[PDB]
């Protein structure tokens, strides 16, 4: 029982493209539902990566791209800050903490699949 996260040899790409890559491969953008999965994404991704969590529909209210309010979060201190024009996507960054960033920035594609 578990979910494996897969990484590809592609270059970093914006969230729209990560979303398309993972659905093409019949999966979802990676979602950590606990500290163990958070560290697993951190291990396979190695550089900052997008998570399948956004506050696109309602600002301040992060939701999983597959639906649902968060049960686990690991926000860096003072995140989510929605800096400047607005940050609506999430990256797992330094020491596995989360930062909301622009969905237009390029980051690593991690997809998840069941097990």
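Rigid core: the largest C-alpha set superposing within 1.5 Å between the two forms. Positions refer to the first chain, counted from 1.
Student: Consider 96-104 and 6-14 separately and indicate which one has Cα atoms farther, on average, from the shown form in 5 other deposited structures of this protein after rigid core alignment.
Tutor: Looking at 96-104 versus 6-14 in 5 other deposited structures of this protein, the farther one turns out to be 6-14.
Student: Do the Cα atoms of 86-94 or those of 39-47 sit farther, on average, from the shown form in 5 other deposited structures of this protein after fitting on the core?
Tutor: Farther on average in 5 other deposited structures of this protein: 86-94.
Student: Look up the CA B-factors in the entry and say which stretch, 60-68 or 81-89, has the higher mean.
Tutor: Taking the mean C-alpha B-factor of 81-89 and of 60-68, the larger value falls to 81-89.
Student: Mind pulling up the entry and telling me whether 44-52 or 23-31 has the higher mean Cα temperature factor?
Tutor: The recorded data point to 23-31.
Student: For residue 95, does the deposited CA B-factor place it in the lowest, middle or highest third of the chain?
Tutor: Top third by C-alpha B-factor.
Student: Within this chain, which third does the Cα B-factor at residue 109 fall in: lowest, middle or highest?
Tutor: Within its chain, residue 109 is a lowest-third residue by C-alpha B-factor, going by the deposited values.
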